[PDB]
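Scroll down for the structure; my scribbles are underneath it.
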Amino acid sequence: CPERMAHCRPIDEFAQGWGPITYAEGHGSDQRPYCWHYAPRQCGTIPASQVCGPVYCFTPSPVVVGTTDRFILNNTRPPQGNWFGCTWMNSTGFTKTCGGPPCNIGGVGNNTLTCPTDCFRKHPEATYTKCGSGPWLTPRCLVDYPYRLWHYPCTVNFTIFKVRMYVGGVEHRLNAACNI
Amino acid sequence: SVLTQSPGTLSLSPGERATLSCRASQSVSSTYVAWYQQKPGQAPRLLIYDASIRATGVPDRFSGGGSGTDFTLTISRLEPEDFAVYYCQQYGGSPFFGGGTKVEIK
Amino acid sequence: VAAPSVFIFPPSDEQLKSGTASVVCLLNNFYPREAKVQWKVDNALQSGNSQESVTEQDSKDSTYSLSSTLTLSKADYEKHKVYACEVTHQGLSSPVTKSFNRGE
Amino acid sequence: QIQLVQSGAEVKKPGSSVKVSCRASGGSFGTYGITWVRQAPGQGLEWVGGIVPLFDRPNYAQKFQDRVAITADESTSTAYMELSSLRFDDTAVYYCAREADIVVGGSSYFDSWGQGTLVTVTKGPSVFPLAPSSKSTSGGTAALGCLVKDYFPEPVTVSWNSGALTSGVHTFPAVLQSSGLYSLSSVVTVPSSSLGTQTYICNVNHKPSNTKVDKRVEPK
């Protein structure tokens, strides 16, 4: 993991939820999604020209969504249709991601966590279905799919498991890769 | 009152048949049911999960079944060591146990 | 013929510290299971809280014993100085009024 | 798969909090869920809750929310359940079982169980002296007793002088109060030579609360 896993951030990021939890869209596009410390952005009508490779997107149950144009994903939560979010590798080795509004937790701190998933301990109320954008189920878990190692090559050592999620009333049987 | 067992208290003798019933109220439940057994004081044990799959260590006398609703646990060739208080629970998204029939082998 | 005998039990000195003062009336040696007990405070006929209990039997005669408890909170206990337990029973023998005449 | 379920609080008091532990020996802790299920003395099993110590988000039944917490320590491979605001209905046996499969937001069936820890919720009696105070009975026969109240579990035994005076001991039946706690008033008639000299001690044994009280009663 060249300069990727060395100093991303602790899995127990400091600060907690001071009170009510809000919805925020900080439009976070600074660096590649090397680790789970990221803030995706909502992208509407996209130019389906530079997109290359699979465009798997996470319902969470991953589904291949081919662009409806050649030389389009209006992100919405499954209760309102569509998918939570997803990522793609395009152009010259540049990886990009998109997802619902990055879920922020009301609190104080120099580096308060812009919770993209789970983060229950920092905020007892943070459920994936309401506070999640990308494929990270928990700060140390992923939804394993064939291109998972092509998108996050720093998650080789993780072990696979079979899990049953319940989003609303719908039941998702899925494999998830987590370490120990 | 989601899951209930009609027969309530029961009493038979060895070499007989008992057919306990667990009546899921409204939802088909997607075929998610489990059956247990509780001796007079010891810990419960798992007999059937999914109503059609048998665990390890229990004989084939405990044959369970059901489709959509009204899952059943059929006990054939009752033995003296079959007295218990059987239980039925449905797992998944709506976890809840059921009523306990009171087999009275003697 | 086996007329009742009346005993009065005030509240414990520690009961007032603990609150919920209970005043008890006890009746002994009455042959018929029939008795009315009035818990008169000054001139008030309290009926909100008065629990009555009776012994099962004596194995030699129908000589039960009655225990009537009147419960009242410590705050209500003060500003109040007579309590009382009138009995009317088959063997009436005229009413007997053995009253706890002090609130102490 | 040997759950050396440690005893928590066998005897507790109303309004108190109880912590029940469950130790998992062998296997890999942090991959299978621990589930807590309770059953009253005679009733059906009730699903209290569960946890999977890899997705740090415990699941609680609908009727056990805002009053129960569940934690797991992986460094020592242990699972604790903390139940607060105890009630007299909570008297039951709490087991500890293993979830067959990982579930998020749901439950599962329990493969291997563990020894149950009894949890008794009781309120010991408060004995009081019923003095013979009359201020004017300068004579013989008089009535004494030992008032008892504020104990939920019914059984109670009242004796006298370590066992004596069996001729005169009346022990009335328990009568419910508004608060739901039984009450009693065991009385005695004894002509103590028209004198208070003997040690009139009433030994009130209430085994469920594991307390016995010796109260001496005499005119003030």
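Each chain in the structure tokens gets a letter, A, B, ..., in the order shown, and its residues are numbered from 1; ligands are numbered from 1 in order too.
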
Residues of chain D that have any atom at most 9 Å from an atom of chain B: could you tabulate them with the shortest-distance atom pair and the distance in Å to one decimal, using only C-alpha atoms, ordered by chain and increasing number, as a Markdown table?
```
| residue | atom | partner | partner_atom | distance |
| --- | --- | --- | --- | --- |
| D:43 | CA | B:100 | CA | 8.1 |
| D:44 | CA | B:100 | CA | 6.2 |
| D:45 | CA | B:97 | CA | 6.7 |
| D:46 | CA | B:97 | CA | 6.6 |
| D:47 | CA | B:96 | CA | 6.8 |
| D:61 | CA | B:95 | CA | 7.9 |
| D:95 | CA | B:43 | CA | 8.4 |
| D:103 | CA | B:92 | CA | 8.2 |
| D:105 | CA | B:93 | CA | 7.2 |
| D:106 | CA | B:93 | CA | 4.8 |
| D:107 | CA | B:92 | CA | 5.6 |
| D:108 | CA | B:91 | CA | 5.4 |
| D:109 | CA | B:34 | CA | 6.9 |
| D:110 | CA | B:46 | CA | 7.1 |
| D:111 | CA | B:46 | CA | 6.4 |
| D:112 | CA | B:45 | CA | 7.6 |
| D:113 | CA | B:43 | CA | 7.0 |
| D:114 | CA | B:43 | CA | 7.3 |
| D:115 | CA | B:43 | CA | 7.1 |
| D:116 | CA | B:43 | CA | 7.7 |
```

If DSSP is run on the backbone, what residues of chain B are strand (DSSP E or B)? A reply as a short mmCIF file (atom, residue, chain, number, x, y, z; two decimals) with N, CA and C atoms, in the first residue's frame would be ideal.
```cif
data_model
loop_
_atom_site.label_atom_id
_atom_site.label_comp_id
_atom_site.auth_asym_id
_atom_site.auth_seq_id
_atom_site.Cartn_x
_atom_site.Cartn_y
_atom_site.Cartn_z
N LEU B 3 -47.75 -15.33 16.59
CA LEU B 3 -47.58 -16.77 16.47
C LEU B 3 -48.16 -17.45 17.70
N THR B 4 -49.04 -18.43 17.48
CA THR B 4 -49.70 -19.14 18.57
C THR B 4 -49.79 -20.62 18.23
N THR B 9 -52.05 -27.62 26.03
CA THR B 9 -51.58 -28.78 26.77
C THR B 9 -51.95 -30.06 26.04
N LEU B 10 -51.03 -31.03 26.05
CA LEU B 10 -51.21 -32.29 25.35
C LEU B 10 -50.71 -33.43 26.23
N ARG B 17 -48.60 -40.55 18.06
CA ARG B 17 -48.26 -39.45 17.18
C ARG B 17 -48.83 -38.14 17.72
N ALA B 18 -48.02 -37.09 17.68
CA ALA B 18 -48.45 -35.75 18.05
C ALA B 18 -48.03 -34.78 16.95
N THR B 19 -48.93 -33.87 16.60
CA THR B 19 -48.71 -32.91 15.51
C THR B 19 -48.96 -31.51 16.05
N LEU B 20 -47.90 -30.87 16.55
CA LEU B 20 -48.00 -29.51 17.05
C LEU B 20 -48.10 -28.53 15.89
N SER B 21 -48.80 -27.42 16.13
CA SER B 21 -49.07 -26.42 15.10
C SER B 21 -48.65 -25.05 15.59
N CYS B 22 -47.99 -24.29 14.72
CA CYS B 22 -47.59 -22.91 14.99
C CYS B 22 -48.18 -22.05 13.88
N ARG B 23 -49.13 -21.19 14.23
CA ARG B 23 -49.98 -20.50 13.25
C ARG B 23 -49.47 -19.07 13.07
N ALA B 24 -48.64 -18.86 12.05
CA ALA B 24 -48.24 -17.51 11.69
C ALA B 24 -49.48 -16.70 11.32
N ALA B 34 -38.27 -21.81 13.42
CA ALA B 34 -37.40 -22.70 14.16
C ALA B 34 -38.16 -23.29 15.34
N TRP B 35 -37.83 -24.53 15.69
CA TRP B 35 -38.49 -25.27 16.75
C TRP B 35 -37.48 -25.68 17.81
N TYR B 36 -37.91 -25.68 19.07
CA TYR B 36 -37.02 -25.98 20.19
C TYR B 36 -37.57 -27.08 21.09
N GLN B 37 -36.91 -27.32 22.22
CA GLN B 37 -37.32 -28.33 23.18
C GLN B 37 -36.71 -27.97 24.53
N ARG B 45 -33.04 -26.57 23.41
CA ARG B 45 -32.26 -27.15 22.33
C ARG B 45 -32.93 -26.82 21.00
N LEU B 46 -32.12 -26.77 19.94
CA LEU B 46 -32.61 -26.45 18.61
C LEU B 46 -32.85 -27.75 17.84
N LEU B 47 -34.09 -27.95 17.39
CA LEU B 47 -34.46 -29.13 16.63
C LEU B 47 -34.51 -28.86 15.13
N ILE B 48 -35.34 -27.91 14.72
CA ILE B 48 -35.58 -27.63 13.31
C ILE B 48 -35.41 -26.14 13.07
N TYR B 49 -34.71 -25.79 11.99
CA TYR B 49 -34.61 -24.42 11.53
C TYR B 49 -34.99 -24.38 10.06
N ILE B 53 -35.31 -28.21 7.57
CA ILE B 53 -33.92 -28.62 7.70
C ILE B 53 -33.70 -29.09 9.13
N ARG B 54 -33.09 -30.26 9.27
CA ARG B 54 -32.84 -30.86 10.57
C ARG B 54 -31.42 -30.57 11.03
N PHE B 62 -38.31 -36.37 14.80
CA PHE B 62 -38.76 -34.99 14.75
C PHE B 62 -38.74 -34.54 13.29
N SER B 63 -39.85 -34.77 12.59
CA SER B 63 -40.01 -34.33 11.21
C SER B 63 -40.86 -33.07 11.20
N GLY B 64 -40.28 -31.96 10.75
CA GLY B 64 -40.96 -30.69 10.68
C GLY B 64 -41.29 -30.34 9.24
N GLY B 65 -42.32 -29.52 9.07
CA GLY B 65 -42.73 -29.12 7.73
C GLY B 65 -43.66 -27.93 7.79
N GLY B 66 -43.95 -27.41 6.62
CA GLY B 66 -44.82 -26.25 6.47
C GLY B 66 -44.49 -25.52 5.18
N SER B 67 -45.51 -24.87 4.63
CA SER B 67 -45.36 -24.13 3.38
C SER B 67 -46.24 -22.89 3.46
N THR B 69 -47.68 -21.01 5.49
CA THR B 69 -48.29 -20.75 6.79
C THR B 69 -48.61 -22.08 7.46
N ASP B 70 -48.87 -22.02 8.76
CA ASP B 70 -49.24 -23.19 9.55
C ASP B 70 -48.15 -24.26 9.49
N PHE B 71 -46.99 -23.92 10.05
CA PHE B 71 -45.88 -24.86 10.13
C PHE B 71 -46.12 -25.88 11.23
N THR B 72 -45.66 -27.11 11.00
CA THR B 72 -45.97 -28.23 11.88
C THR B 72 -44.70 -28.97 12.27
N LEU B 73 -44.72 -29.54 13.48
CA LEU B 73 -43.66 -30.40 13.99
C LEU B 73 -44.28 -31.74 14.35
N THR B 74 -43.99 -32.77 13.57
CA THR B 74 -44.59 -34.08 13.73
C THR B 74 -43.66 -34.96 14.54
N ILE B 75 -44.15 -35.47 15.67
CA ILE B 75 -43.42 -36.40 16.52
C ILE B 75 -44.06 -37.76 16.38
N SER B 76 -43.32 -38.72 15.83
CA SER B 76 -43.77 -40.09 15.67
C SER B 76 -42.91 -41.01 16.52
N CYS B 88 -41.94 -22.46 19.14
CA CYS B 88 -41.77 -22.08 17.74
C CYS B 88 -41.50 -20.58 17.68
N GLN B 89 -40.47 -20.20 16.92
CA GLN B 89 -40.15 -18.80 16.70
C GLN B 89 -39.92 -18.55 15.22
N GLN B 90 -40.20 -17.32 14.79
CA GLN B 90 -39.92 -16.87 13.44
C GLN B 90 -38.85 -15.79 13.51
N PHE B 96 -39.76 -13.08 16.93
CA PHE B 96 -40.70 -13.26 18.02
C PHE B 96 -40.92 -14.75 18.24
N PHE B 97 -40.91 -15.17 19.50
CA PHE B 97 -41.18 -16.55 19.84
C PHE B 97 -42.69 -16.81 19.78
N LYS B 102 -47.36 -28.18 25.95
CA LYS B 102 -46.99 -28.77 27.24
C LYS B 102 -47.14 -30.29 27.20
N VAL B 103 -46.53 -30.92 26.20
CA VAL B 103 -46.59 -32.37 26.05
C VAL B 103 -46.42 -33.02 27.41
#
```

Exercise. For chain A against chain D, which residues fall within 10 Å using only C-alpha atoms, given as a count of residues only?
Worked result: 28

Problem set entry | Within 12 Å of stretch 70-81 of chain D using only C-alpha atoms, minus same-chain residues under 5 positions, as a PyMOL selection string | (chain A and resi 121+180) or (chain D and resi 3-9+17-38+48-60+64-65+94-98)

Exercise. Which residues of chain C are close to chain D, meaning at most 10 Å apart when you count only C-alpha atoms, and how do they look as number ranges by chain?
Worked result: C: 6-15, 18, 22-24, 26, 28, 49-56, 58, 64-69, 71, 100

Take the residues from that selection and write them out as a PDB file, in the first residue's frame, keeping C-alpha atoms.
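What ended up in result-v8.pdb:
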```pdb
ATOM      1  CA  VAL C   6     -60.969  -4.843  71.113  1.00  0.00           C
ATOM      2  CA  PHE C   7     -57.267  -3.939  70.972  1.00  0.00           C
ATOM      3  CA  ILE C   8     -55.717  -0.848  69.365  1.00  0.00           C
ATOM      4  CA  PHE C   9     -52.200  -0.635  67.908  1.00  0.00           C
ATOM      5  CA  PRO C  10     -50.813   2.810  66.981  1.00  0.00           C
ATOM      6  CA  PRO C  11     -47.962   3.311  64.502  1.00  0.00           C
ATOM      7  CA  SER C  12     -44.356   2.517  65.303  1.00  0.00           C
ATOM      8  CA  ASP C  13     -42.018   5.319  66.329  1.00  0.00           C
ATOM      9  CA  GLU C  14     -39.906   4.320  63.322  1.00  0.00           C
ATOM     10  CA  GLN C  15     -43.004   4.086  61.109  1.00  0.00           C
ATOM     11  CA  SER C  18     -40.503   5.931  57.359  1.00  0.00           C
ATOM     12  CA  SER C  22     -50.749   2.489  59.908  1.00  0.00           C
ATOM     13  CA  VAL C  23     -53.251   2.259  62.772  1.00  0.00           C
ATOM     14  CA  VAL C  24     -54.510  -1.260  63.484  1.00  0.00           C
ATOM     15  CA  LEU C  26     -57.774  -6.080  66.476  1.00  0.00           C
ATOM     16  CA  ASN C  28     -60.605 -11.366  69.393  1.00  0.00           C
ATOM     17  CA  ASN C  49     -58.058   2.972  52.760  1.00  0.00           C
ATOM     18  CA  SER C  50     -59.116   0.336  55.294  1.00  0.00           C
ATOM     19  CA  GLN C  51     -57.915  -3.236  54.729  1.00  0.00           C
ATOM     20  CA  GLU C  52     -59.610  -6.035  56.676  1.00  0.00           C
ATOM     21  CA  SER C  53     -58.232  -9.523  57.284  1.00  0.00           C
ATOM     22  CA  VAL C  54     -59.735 -12.469  59.157  1.00  0.00           C
ATOM     23  CA  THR C  55     -58.232 -15.684  60.497  1.00  0.00           C
ATOM     24  CA  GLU C  56     -59.269 -18.923  58.811  1.00  0.00           C
ATOM     25  CA  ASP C  58     -59.681 -22.176  65.247  1.00  0.00           C
ATOM     26  CA  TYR C  64     -61.942 -15.876  64.255  1.00  0.00           C
ATOM     27  CA  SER C  65     -59.802 -12.786  64.836  1.00  0.00           C
ATOM     28  CA  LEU C  66     -60.113  -9.553  62.861  1.00  0.00           C
ATOM     29  CA  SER C  67     -57.298  -7.175  61.884  1.00  0.00           C
ATOM     30  CA  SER C  68     -58.264  -3.859  60.265  1.00  0.00           C
ATOM     31  CA  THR C  69     -55.464  -1.579  59.051  1.00  0.00           C
ATOM     32  CA  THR C  71     -53.182   3.626  56.332  1.00  0.00           C
ATOM     33  CA  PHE C 100     -56.901   6.107  70.515  1.00  0.00           C
TER      34      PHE C 100
END
```

For this session: Considering only C-alpha atoms, return as a ChimeraX atom specification whatever protein or nucleic-acid residues lie within 12 Å of residue C:93, sequence-local ones (same chain, fewer than 2 positions apart) excluded.
Result: /C:1-5,87-91,95-96
